[PDB]
Amino acid sequence: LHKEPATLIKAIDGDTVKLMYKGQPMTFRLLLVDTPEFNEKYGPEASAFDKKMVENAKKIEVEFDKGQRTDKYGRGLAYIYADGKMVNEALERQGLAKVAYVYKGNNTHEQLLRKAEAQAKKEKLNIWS
Ligand SMILES: Cc1cn([C@H]2C[C@H](OP(=O)(O)O)[C@@H](COP(=O)(O)O)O2)c(=O)[nH]c1=O
Ligand SMILES: [Ca+2]
(Lines give C-alpha, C1' and ligand atoms only; values in the text may rest on other atoms or scores of the structure.)
(Ligands and ions follow the chains in the order given, each with its own letter.)
Protein backbone atom coordinates (compact mmCIF):
# COMPACT_ATOMS: atom_id res chain seq x y z
CA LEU A 1 0.00 0.00 0.00
CA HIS A 2 1.06 3.60 -0.59
CA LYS A 3 0.44 6.95 1.17
CA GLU A 4 -0.85 9.84 -0.90
CA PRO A 5 -1.30 13.46 0.09
CA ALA A 6 -4.47 15.16 1.15
CA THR A 7 -5.54 18.19 3.10
CA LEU A 8 -8.21 18.53 5.71
CA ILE A 9 -11.39 20.29 4.62
CA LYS A 10 -13.31 19.46 7.80
CA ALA A 11 -13.79 17.03 10.61
CA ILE A 12 -17.09 15.23 10.46
CA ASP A 13 -17.30 12.48 13.09
CA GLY A 14 -15.36 9.58 14.63
CA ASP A 15 -14.86 7.66 11.43
CA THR A 16 -15.61 10.11 8.56
CA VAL A 17 -13.67 13.22 7.59
CA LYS A 18 -13.83 15.65 4.65
CA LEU A 19 -10.49 15.83 2.81
CA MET A 20 -9.30 17.33 -0.42
CA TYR A 21 -7.77 14.47 -2.41
CA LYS A 22 -6.27 15.01 -5.87
CA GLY A 23 -7.75 18.53 -5.61
CA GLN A 24 -11.35 17.36 -5.10
CA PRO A 25 -13.43 17.46 -1.94
CA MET A 26 -14.41 14.02 -0.69
CA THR A 27 -15.82 12.44 2.38
CA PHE A 28 -13.56 9.60 3.62
CA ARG A 29 -14.84 6.70 5.65
CA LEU A 30 -12.11 5.05 7.70
CA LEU A 31 -11.47 1.45 6.75
CA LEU A 32 -12.00 -1.44 9.19
CA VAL A 33 -13.46 0.50 12.12
CA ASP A 34 -16.78 1.65 13.47
CA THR A 35 -17.08 4.61 15.76
CA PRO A 36 -20.36 5.27 17.64
CA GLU A 37 -22.63 7.84 15.99
CA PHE A 38 -22.47 11.23 17.61
CA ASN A 39 -25.85 10.62 19.26
CA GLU A 40 -24.59 7.31 20.88
CA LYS A 41 -22.41 6.68 23.88
CA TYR A 42 -18.74 7.56 23.16
CA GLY A 43 -19.85 9.18 19.84
CA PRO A 44 -18.91 12.68 20.90
CA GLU A 45 -15.55 11.45 22.31
CA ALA A 46 -14.79 9.54 19.09
CA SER A 47 -15.67 12.64 16.98
CA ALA A 48 -13.51 14.85 19.15
CA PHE A 49 -10.60 12.43 19.07
CA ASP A 50 -10.61 12.11 15.24
CA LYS A 51 -11.06 15.93 14.97
CA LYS A 52 -8.07 16.71 17.16
CA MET A 53 -5.90 14.25 15.40
CA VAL A 54 -6.66 15.54 11.89
CA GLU A 55 -6.81 19.29 12.83
CA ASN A 56 -3.46 19.21 14.68
CA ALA A 57 -1.70 17.33 11.87
CA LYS A 58 0.79 19.14 9.68
CA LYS A 59 0.49 16.39 7.10
CA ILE A 60 -2.59 14.29 6.32
CA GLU A 61 -2.14 11.21 4.13
CA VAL A 62 -4.56 8.72 2.64
CA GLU A 63 -3.77 5.10 1.96
CA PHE A 64 -6.15 3.07 -0.10
CA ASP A 65 -6.23 -0.67 0.31
CA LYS A 66 -6.20 -3.19 -2.60
CA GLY A 67 -9.98 -3.30 -3.09
CA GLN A 68 -12.75 -0.82 -3.69
CA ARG A 69 -11.77 2.80 -3.04
CA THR A 70 -15.27 4.26 -2.81
CA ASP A 71 -18.29 2.83 -1.05
CA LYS A 72 -21.90 2.77 -2.25
CA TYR A 73 -22.36 6.26 -0.79
CA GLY A 74 -19.45 7.76 -2.78
CA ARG A 75 -17.22 7.92 0.32
CA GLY A 76 -13.58 7.22 -0.09
CA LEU A 77 -12.45 4.17 1.87
CA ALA A 78 -8.96 4.55 3.26
CA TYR A 79 -6.54 4.38 6.10
CA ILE A 80 -5.97 7.96 7.16
CA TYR A 81 -2.65 9.17 8.68
CA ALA A 82 -1.96 12.29 10.72
CA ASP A 83 1.75 13.11 10.80
CA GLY A 84 2.42 9.45 10.05
CA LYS A 85 0.09 8.11 12.78
CA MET A 86 -2.92 6.09 11.59
CA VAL A 87 -6.19 7.57 12.82
CA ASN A 88 -7.96 4.23 12.32
CA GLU A 89 -5.44 2.46 14.60
CA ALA A 90 -5.41 5.29 17.18
CA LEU A 91 -9.19 5.11 17.57
CA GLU A 92 -8.90 1.38 18.10
CA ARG A 93 -6.12 1.74 20.63
CA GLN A 94 -8.18 4.21 22.65
CA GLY A 95 -11.32 2.15 22.83
CA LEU A 96 -13.22 4.66 20.65
CA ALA A 97 -13.96 2.28 17.82
CA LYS A 98 -14.59 -1.38 17.06
CA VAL A 99 -13.03 -3.33 14.25
CA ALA A 100 -15.83 -3.86 11.78
CA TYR A 101 -16.69 -3.94 8.12
CA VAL A 102 -13.85 -6.30 7.33
CA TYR A 103 -14.40 -7.09 3.70
CA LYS A 104 -12.08 -9.54 1.78
CA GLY A 105 -9.55 -7.55 -0.32
CA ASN A 106 -9.70 -4.35 1.73
CA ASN A 107 -8.34 -5.71 5.01
CA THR A 108 -4.56 -5.20 4.85
CA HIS A 109 -4.38 -3.66 8.33
CA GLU A 110 -6.91 -5.92 10.05
CA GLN A 111 -4.57 -7.62 12.42
CA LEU A 112 -2.77 -4.36 13.32
CA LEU A 113 -6.14 -2.86 14.29
CA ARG A 114 -7.29 -5.96 16.17
CA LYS A 115 -4.10 -5.94 18.10
CA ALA A 116 -4.80 -2.29 19.15
CA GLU A 117 -8.40 -3.14 20.05
CA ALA A 118 -7.19 -6.05 22.20
CA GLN A 119 -4.95 -3.73 24.16
CA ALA A 120 -7.80 -1.23 24.58
CA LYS A 121 -10.00 -4.11 25.76
CA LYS A 122 -7.35 -5.30 28.23
CA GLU A 123 -7.14 -1.75 29.58
CA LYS A 124 -10.94 -1.42 29.80
CA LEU A 125 -10.85 1.86 27.82
CA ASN A 126 -13.90 3.85 26.87
CA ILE A 127 -16.12 1.46 24.84
CA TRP A 128 -14.61 -1.48 26.75
CA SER A 129 -15.16 0.13 30.20
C1 LIG B 1 -16.40 0.90 6.28
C2 LIG B 1 -17.26 0.52 5.15
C3 LIG B 1 -18.63 0.79 5.18
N4 LIG B 1 -19.37 0.49 4.14
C5 LIG B 1 -20.81 0.68 4.16
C6 LIG B 1 -21.50 -0.53 4.80
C7 LIG B 1 -22.67 0.04 5.54
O8 LIG B 1 -23.82 0.02 4.66
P9 LIG B 1 -25.23 0.38 5.31
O10 LIG B 1 -25.31 1.89 5.32
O11 LIG B 1 -26.15 -0.21 4.31
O12 LIG B 1 -25.29 -0.18 6.64
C13 LIG B 1 -22.22 1.49 5.84
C14 LIG B 1 -21.72 1.68 7.24
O15 LIG B 1 -21.09 2.96 7.30
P16 LIG B 1 -21.32 3.84 8.58
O17 LIG B 1 -20.80 3.11 9.75
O18 LIG B 1 -20.57 5.11 8.30
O19 LIG B 1 -22.78 4.08 8.73
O20 LIG B 1 -21.18 1.79 4.95
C21 LIG B 1 -18.77 -0.18 3.02
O22 LIG B 1 -19.53 -0.57 2.10
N23 LIG B 1 -17.47 -0.50 2.97
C24 LIG B 1 -16.67 -0.16 4.01
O25 LIG B 1 -15.49 -0.46 3.98
CA1 LIG C 1 -20.13 4.77 12.44
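Whatever order the structure lists ligands and atoms in, that order sets their numbers, starting from 1. Here, residue 1 is the first one in the sequence, and each next residue gets the next number.
On a distance-only criterion, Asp15 and ligand 1 share no N/O pair closer than 3.5 Å. At least one N or O atom of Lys72, backbone or side chain, sits closer than 3.5 Å to an N or O atom of ligand 1. Looking at ligand 1, you won't find any N or O of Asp71 less than 3.5 Å from one of its N or O atoms. Residue contacts with ligand 1: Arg75 is placed with a nitrogen or oxygen under 3.5 Å of a nitrogen or oxygen of the ligand (distance criterion only).
Residue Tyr81 is tested with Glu61, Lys59, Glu63, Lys3 for a side chain to side chain donor-acceptor pair (under 3.5 Å); the sole match is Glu63.
For atom 12 (O) of ligand 1, no protein heavy-atom neighbour is found at a distance under 4.0 Å.
Counting non-hydrogen atoms of other residues, nucleotides and ligands closer than 6.0 Å to NZ of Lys51 gives a total of 12 or fewer. No more than 12 heavy-atom neighbours from other residues, nucleotides or ligands sit within 6.0 angstrom of NZ on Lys115.
Counting only protein N, O or S atoms, 4 lie closer than 3.0 Å to the Ca ion (ligand 2).
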Please step through side chain to side chain donor-acceptor pair (under 3.5 Å) for the pair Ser129 and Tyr42, ending with a clear verdict. CA-CA 11 Å; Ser129 80; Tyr42 297 106; 3.1 Å; yes
Check the pair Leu31 / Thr108 against side-chain contact (heavy atoms from CB on, under 4.5 Å), numbers first and verdict last. CA-CA 10 Å; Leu31 279 172; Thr108 296; over 6 Å; no
Go through the steps for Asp71 and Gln68 under the test side-chain contact (heavy atoms from CB on, under 4.5 Å), then give the verdict. CA-CA 7 Å; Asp71 66 14; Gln68 76 167 178; 4.2 Å; yes
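At the shortest separation from atom 19 (O) of ligand 1 among protein heavy atoms lies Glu37 OE2, 4.2 Å. The nearest heavy-atom contact from the protein to atom 7 (C) of ligand 1 is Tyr101 CE2, 3.9 Å. Protein heavy atom at the shortest distance from atom 23 (N) of ligand 1 is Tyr103 CE1, 3.4 Å. Nearest non-hydrogen protein atom to atom 10 (O) of ligand 1 is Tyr73 OH, 2.6 Å. Of the protein's heavy atoms, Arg29 NE, 3.6 Å lies nearest to atom 16 (P) of ligand 1.
Between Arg29 and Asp13 there is no salt bridge, since no side-chain N of the basic residue sits under 4.0 Å from a carboxylate O of the acidic one.
Between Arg93 and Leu125, the closest side-chain pair of non-hydrogen atoms falls below 4.5 Å. Put simply, the side chain of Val33 does not reach to within 4.5 Å of the side chain of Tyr101, judged on heavy atoms.
Judged purely by atom type and a 3.5 angstrom limit, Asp83 uses its side chain to pair as donor or acceptor with the backbone of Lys58.
Using a 30° and 60° split on the angle between ring planes, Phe64 and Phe28 fall in the tilted class, from 30° to 60°.
At a heavy-atom cutoff of 4.0 Å, ligand 1 is contacted by the side chain of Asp34 but not by its backbone.
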